[PDB]
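Data block below; observations after.
Number of protein chains: 2
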Amino acid sequence: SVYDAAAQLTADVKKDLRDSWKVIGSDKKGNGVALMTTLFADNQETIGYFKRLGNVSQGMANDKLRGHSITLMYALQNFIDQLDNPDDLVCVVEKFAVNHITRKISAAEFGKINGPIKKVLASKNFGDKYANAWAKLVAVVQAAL
Amino acid sequence: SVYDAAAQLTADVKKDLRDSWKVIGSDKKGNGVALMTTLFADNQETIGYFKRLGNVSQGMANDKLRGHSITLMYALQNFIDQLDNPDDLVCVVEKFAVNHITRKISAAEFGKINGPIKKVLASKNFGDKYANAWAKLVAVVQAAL
Ligand code: HEM
Ligand code: HEM
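Following this line, the structure appears as structure tokens:
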């Protein structure tokens, strides 16, 4: 159950999550766009799922693309603000889960964001330790899918 | 025009939005739910627009309500973090506007949030001045609908 996954995150994991976010979270626009671009380069099989953002090949030049990147970056903020409160975290996750459930975004498909995240983290000098911690947070969302 | 409305966010209004947000921003969950409850009490003809939310009359108790309440509060935060860059502000508003357009929410309906906000602000000791400043920000989204 979602609650089980949320209550999982330990003090160590929660600490590493906030520690890294403090950086990658400082530039949601610059960092958010990078994550989206990376996911499009490594996972070209997900480009059609964003036919709304038009030509994701534009990057920062794409108005729609930027909107999603910036908006997506904020989505993570909400999860990073409800780490000390499983009750709240679950409610927040379940909400965002609805939008993903209607988009036919299976748990496996959602796990595709792990590749890009790890890259964006390494670019800042965040070894796996941090990459693994982020994976745990992502799992919480998959549990609701 | 979105570009026109956003151009109404002078330095004075920008400062007022941040000065107030700092307070109401401290409690997105507590304040978020309050805004929703006040909106459902002052505007009953807007309850059917949240069928998925289930029983709103439940208040904080309702998990679905809190989830959308906390998430909604974050939406405002994103808009405040873009007050510096008009270009980015629009890209964010347009993105959120698309969600209201597909929901059948016209400028009129949306504008139904000015009442609650004004009430929530007063409870914190923020007269009109602040209530009006927020109206300008809300207007930007109203022009994208
Ligand atoms: C860190 C992980 C992720 C976060 C925080 C996230 C967050 C978001 C948010 C906040 C939205 C807007 C929801 C709406 O307004 O309906 C969204 C939309 C969307 N996301 Fe998830 N997402 C993530 C991963 C993914 C992945 C891995 C995929 C696909 C493989 C995906 C596919 C989509 C699509 C297709 C949309 C709709 C875009 C549009 O048409 O506006 N996302 N995402
Ligand atoms: C400050 C003003 C508001 C903000 C920042 C805001 C923000 C949000 C956000 C971020 C969402 C989630 C979008 C998604 O995942 O699709 C949402 C959903 C929604 N909003 Fe707006 N909203 C505002 C005012 C209103 C008003 C006044 C109405 C109706 C009169 C409204 C109707 C809805 C509905 C029906 C949903 C979908 C709820 C659900 O089924 O989960 N919103 N809002």
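Going down the list, the sequences are from chains B and A.
For the first sequence, the authors' numbering assigns the number 2 to the initial residue and increments by one for each residue that follows.
For the second sequence, the authors' numbering assigns the number 2 to the initial residue and increments by one for each residue that follows.
From the three backbone atoms N, C-alpha and C, an ideal C-beta is built for every residue, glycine too.
Practice task
Check whether the Cβ atoms of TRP22 of chain B and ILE114 of chain B sit closer than 7 angstroms, and answer yes or no.
Solution key: Taking C-beta atoms as the reference points, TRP22 of chain B and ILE114 of chain B fail to come closer than 7 angstroms.
Exercise for the section: Tell me whether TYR50 of chain B counts as near ligand 1, meaning its Cβ is closer than 6 angstroms to at least one heavy atom of that ligand. Expected result: Yes, ligand 1 has a heavy atom inside 6 angstroms of this Cβ.
Handout entry: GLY68 of chain A: contacting residues in chain B (beta-carbon distance under 8 angstroms)
Key = Result: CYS92, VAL93, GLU95, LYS96.
Exercise for the section: Verify the contact flag: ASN100 of chain A, CB atom, against every heavy atom of ligand 1, threshold strictly below 6 angstroms. Expected result: Answer for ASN100 of chain A: yes, Cβ within range of ligand 1.
Practice task
Counting only the same chain and skipping the five closest in sequence on each side, list residues whose C-beta sits under 8 angstroms from that of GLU95 of chain B.
Solution key: Around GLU95 of chain B: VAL3, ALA145.
Exercise for the section: Say yes only if the C-beta of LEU73 of chain B is nearer than 6 angstroms to one or more non-hydrogen atoms of ligand 1, and no if none qualify. Expected result: Under cutoff, so the answer is yes.
Problem - Below-7 angstroms beta-carbon distance, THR38 of chain B vs any chain A residue - result: It does not: the Cβ of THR38 of chain B has no partner Cβ on chain A nearer than 7 angstroms.
Handout entry: Closest by C-alpha distance to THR103 of chain A, when choosing among A:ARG67, A:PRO117, A:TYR50, A:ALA136
Key = Here the closest residue by C-alpha is A:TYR50.
Exercise for the section: Report buried or exposed for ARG67 of chain A, applying the criterion of at least 16 other Cβ atoms within 10 angstroms of its Cβ. Expected result: With 16 or more Cβ atoms within 10 Å of its Cβ, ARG67 of chain A is classed as buried.
Exercise for the section: State yes or no: is the C-beta of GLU110 of chain B nearer than 6 angstroms to some heavy atom of ligand 1? Expected result: Correct: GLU110 of chain B has its Cβ closer than 6 angstroms to ligand 1.
Handout entry: CB contact check: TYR75 of chain A to chain B, cutoff 7 angstroms
Key = Taking Cβ atoms only, chain B reaches closer than 7 angstroms to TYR75 of chain A, which makes this a yes.
Practice task
State yes or no: is the beta carbon of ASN32 of chain A nearer than 7 angstroms to at least one beta carbon in chain B?
Solution key: For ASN32 of chain A, not one C-beta of chain B is nearer than 7 angstroms to its own C-beta.
Handout entry: Closest Cα partner of residue 1 of chain A within the set A:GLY26, A:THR39, A:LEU122, A:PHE41
Key = Look at the range of chain A in this structure, 2 to 146, and you will see that residue 1 of chain A is not part of it.
Practice task
Check whether the Cβ of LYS113 of chain B lies closer than 6 angstroms to any heavy atom of ligand 1, and answer yes or no.
Solution key: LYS113 of chain B: yes, Cβ under 6 angstroms from ligand 1.
Handout entry: Span separating the alpha-carbon of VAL24 of chain A from that of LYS125 of chain A
Key = For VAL24 of chain A and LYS125 of chain A, the distance between alpha carbons rounds to 8 angstroms.
Handout entry: N-terminal and C-terminal residue of the alpha helix (DSSP H) that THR47 of chain A is part of
Key = For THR47 of chain A, no alpha helix (DSSP H) encloses it, and the DSSP letter there is neither H nor E.
Practice task
Would you mind telling me which residues of chain A sit closer than 8 angstroms to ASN79 of chain B, beta carbon to beta carbon, in chain order?
Solution key: At a beta-carbon threshold of 8 angstroms, the residues of chain A lying near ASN79 of chain B are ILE71, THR72, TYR75, ordered along the chain.
Handout entry: Cα-Cα separation, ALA109 of chain B to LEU40 of chain B
Key = C-alpha of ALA109 of chain B to C-alpha of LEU40 of chain B: approximately 14 angstroms in a straight line.
Problem - Length of the line joining the Cα atoms of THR47 of chain B and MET37 of chain B - result: Distance between the alpha carbons of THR47 of chain B and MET37 of chain B is about 10 angstroms.
Handout entry: Cα-Cα separation, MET61 of chain B to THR11 of chain A
Key = When only Cα atoms are considered, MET61 of chain B and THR11 of chain A end up about 26 angstroms apart.
Handout entry: Extent of the continuous alpha helix (DSSP H) run through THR72 of chain B
Key = Where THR72 of chain B is concerned, the enclosing alpha helix (DSSP H) starts and stops at 64-82.
Exercise for the section: Indicate whether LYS105 of chain A and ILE71 of chain A have their beta-carbon atoms separated by less than 7 angstroms. Expected result: Contact annotation: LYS105 of chain A and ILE71 of chain A have beta-carbon atoms that are not nearer than 7 angstroms.
Practice task
Leaving aside the five residues before and after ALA136 of chain A along the sequence, list all residues of the same chain whose C-beta is less than 6 angstroms from its C-beta, in chain order.
Solution key: Exclusion of the five residues before and after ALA136 of chain A leaves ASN115 as the residues of its chain whose Cβ lies within less than 6 angstroms of its Cβ.
Handout entry: Straight-line gap, residue 1 of chain A to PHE111 of chain B (C-alpha atoms, nearest Å)
Key = The question about residue 1 of chain A has no answer, for chain A in this structure spans 2 to 146.
Handout entry: Positions along the stretch 43-66 of chain A whose CB lies within less than 7 angstroms of some CB in chain B
Key = Taking 7 angstroms as the cut-off between beta carbons, the residues of the stretch 43-66 of chain A near chain B are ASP64, in sequence order.
Practice task
Check each candidate in B:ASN56, B:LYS52, B:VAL142 and name the one with the smallest Cα separation from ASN100 of chain B.
Solution key: The shortest C-alpha separation from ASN100 of chain B is found at B:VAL142.
Problem - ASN32 of chain B (DSSP reduced to helix, strand or coil) - result: It is helical.
Practice task
Quick one: which unbroken beta strand (DSSP E) runs of 3-plus residues sit fully inside the stretch 74-140 of chain B? Chain order, please.
Solution key: The qualifying runs do not exist here; there are none.
Problem - Cβ-Cβ separation, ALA98 of chain A to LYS119 of chain A (assumed contact under 8 angstroms), whole Å - result: In fact, because the Cβ distance is near 22 angstroms, the residues do not count as touching under 8 angstroms.
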